[PDB]
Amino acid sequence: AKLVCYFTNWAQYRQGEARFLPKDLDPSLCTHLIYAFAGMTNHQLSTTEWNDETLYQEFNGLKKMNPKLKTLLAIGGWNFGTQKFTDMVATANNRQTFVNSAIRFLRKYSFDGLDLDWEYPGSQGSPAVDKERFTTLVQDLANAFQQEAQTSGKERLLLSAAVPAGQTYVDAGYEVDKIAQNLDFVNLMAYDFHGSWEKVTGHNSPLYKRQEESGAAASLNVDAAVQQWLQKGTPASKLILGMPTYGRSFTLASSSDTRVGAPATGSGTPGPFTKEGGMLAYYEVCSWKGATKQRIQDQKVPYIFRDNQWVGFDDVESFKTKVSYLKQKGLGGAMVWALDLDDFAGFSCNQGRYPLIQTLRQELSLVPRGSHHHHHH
């Protein structure tokens, strides 16, 4: 099994106990650590934060403590846009420029692979031709990584991609059966299914549909997303199930209607550390005073409300349920967004350090046998 965990290079700017740096990383928590995010300049892989080079050394230095650990660098993300990807994949010359830059960059900074996080080929302004061009890019990278391993004698660079759960995005951008052959693993973004952009409450990451749902809405859940990627040609062993250590919040139209599907007027109040209306870290919801926690029985996940605020999130129990699910489906493991959103320092939830991600590791049977300081949940 794999446990693929994302580090984010902006968590270093959060205040107080929420500030996260590579020092807060546990070298033996995950099997693969992915650094979010790199960018692109003139079709070449590039840093995005002023101190990325410092952080890369600390991040990849974790492998000194755990030589088994693999690291990857993720390019893109949700603020990156699409134009730079579109321009880079548009010609063979630009793709070659990118691919060669990626090999040099990853080797220079001691990463073991590249994770593609384009949001998304064929959507969000990206033209329809980017669907096939993304396939070509994936093939170009896979082939070049294979060739570099041959010529250099080094362990082949890994290639993964973070892929959407929603059918509209999948069909607009992803030749699933083709790309799955060339990717080492597929990081399924099984979250952001619902959120404050919608006019009624809904859970960030429900495992199954609600009985009431119909039409396209009935596929906005983890099980449908997993089945979608499997049926479209992803080998189960390559499919890695995303798990969110965050929730999505709503302001309710009325404090008297707190159901799933209740009317909402907009995003929930921003969290005190993450400061982004509509989202909350696990550590911002786990210890909410004077709130009422509920479970969505059909969907196997919790929500919590207080006054006119409503948040759908994941807890230890839902992570256990989702790992049981992924094992039943024979998936390759779990992926987690993100290290810095779990209670990484144990400052909030009274569950020790990394309670959610340790739950994943435990349920995947990935606890190191020589481990001393872990915490079972």
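One rule holds for the numbers: they count along the sequence shown, beginning at 1. In this text, the rigid core denotes the largest set of C-alpha atoms whose superposition between the two forms falls within 1.5 Å.
With every structure aligned by its rigid core, 78-86 is the stretch of 266-274 and 78-86 whose CA positions lie farther away in 7 other deposited structures of this protein. Averaged as a root mean square over residues and superposed structures in 7 other deposited structures of this protein, CA distances to the shown form are larger in 14-22; the pair compared was 349-357 and 14-22 with a core fit. For the pair 284-292 and 213-221, the mean B factor over Cα atoms is greater in 284-292. Higher mean CA temperature factor, per the PDB entry, when comparing 336-344 with 323-331: 323-331.
Across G242, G202, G125, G278, the entry's maximum B-factor at the CA atom is seen for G125. Each of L230, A149, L116, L188 has a CA temperature factor in the record; the biggest one is found at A149.
Split the chain's modelled residues into thirds by C-alpha temperature factor. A18 is in the middle one. Sort the chain's modelled residues by C-alpha temperature factor and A74 lands in the lowest third, per the entry. In the deposited entry, the Cα temperature factor of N51 sits in the bottom third of values across the chain's modelled residues.
Ranked by C-alpha B-factor against the other modelled residues of its chain, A253 falls in the highest third. Looking at the C-alpha B-factors along this chain, the one for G173 belongs to the middle third.
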